[PDB]
Amino acid sequence: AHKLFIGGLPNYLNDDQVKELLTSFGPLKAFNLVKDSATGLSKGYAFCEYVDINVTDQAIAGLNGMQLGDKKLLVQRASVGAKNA
C-alpha cells in the first residue's frame, strides 16, 4: 500500500536485476533505482511498489534484516513523511 525502499543494493545491478529481486514475491506496480552514476558516486538504494498491499509486507519479511558483508540491507516500507503519530 506504499513505496518500499531498498537501501542494500550492491552496484553491479541494473533494472531487471534489482527488479527480479523485489519481484520474487510478486509483480510490482512501480519500480525505480537510486545511484549517482553521474559524477562517480553510488547512493546504493532504490524504490518499488507492489500491486497488492499484503505482498509488500511479505517482501519485508523475506528481506528486511539481510546483512551482506560490510553493510546492512535497509529494506523496509518507504512511506513516512507523516506527522500523525
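Residues numbered from 1 in each chain as written, not as in the entry; some residues may be left out. Heavy atoms only, no water.

- As recorded in the PDB header, solution NMR is the method behind this entry.

1. Concerning helix α2 (residues 54-61)
For step 1, the next point in the chain: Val-55, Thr-56, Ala-59 and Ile-60 are the residues of α2 that are buried. The arc that holds the buried residues of α2, viewed along the axis, is 145°, so those residues lie on one side. Those residues of α2 that are exposed and aimed more than 90 degrees away from the buried face are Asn-54 and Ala-61.
For step 2, the next point in the chain: For α2, the secondary structure elements touched by its buried residues are β1 (4-7), β3 (45-50) and β4 (74-77). (Buried < 20%, exposed > 50% of the residue type's maximum accessible area, 1.4 Å probe, protein only. Helix = DSSP H or I, 4+ residues; strand = E, 2+ residues; numbered from the N terminus. Arc of directions from axis to C-beta. Contact = heavy atoms within 4.5 Å.)

2. Re the sheet that holds β3
For step 1, the next point in the chain: Ordered in space as β2-β3-β1-β4, the four strands form an open sheet in which the pairing is antiparallel. The outermost strands of the open sheet, each flanked by one partner alone, are β2 (28-34) and β4. Each strand axis lies, on average, 15° off the axis of its neighbour in the sheet, ignoring direction.
For step 2, the next point in the chain: Here three bridges tie β1 to β3, and the two strands are oriented antiparallel to one another. The residue of β3 that forms the bridge with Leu-4 is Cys-48.
For step 3, the next point in the chain: Strands in contact with α2 are β1, β3 and β4; relative to β4, the strand with the most contacts, it is inclined by about 155°. (Pairing = 2+ DSSP bridges. Axes fitted to C-alpha atoms, helices over the stretch in contact; angles between N-to-C directions.)

3. Digging into the pattern of salt bridges
For step 1, the next point in the chain: Counted according to the given criterion, the structure contains one salt bridge.
For step 2, the next point in the chain: The salt bridge partner of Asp-57 is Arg-77, with a shortest N-O separation of 3.7 Å. Within this pair, whereas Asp-57 is found in helix α2, its partner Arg-77 is found in strand β4, the two being separated by 20 residues in sequence.
For step 3, the next point in the chain: Note on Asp-57: relative accessible area 41%, which makes it partly exposed. (Salt bridge = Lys/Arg side-chain N within 4 Å of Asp/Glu carboxyl O.)

4. As for the side chain of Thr-56
For step 1, the next point in the chain: Positionally, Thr-56 belongs in helix α2.
For step 2, the next point in the chain: The class for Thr-56 is buried, based on a relative accessible area of 4%.
For step 3, the next point in the chain: Excluding its chain neighbours within four sequence positions, the residues that come into contact with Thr-56 are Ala-1, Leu-4, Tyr-50 and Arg-77.

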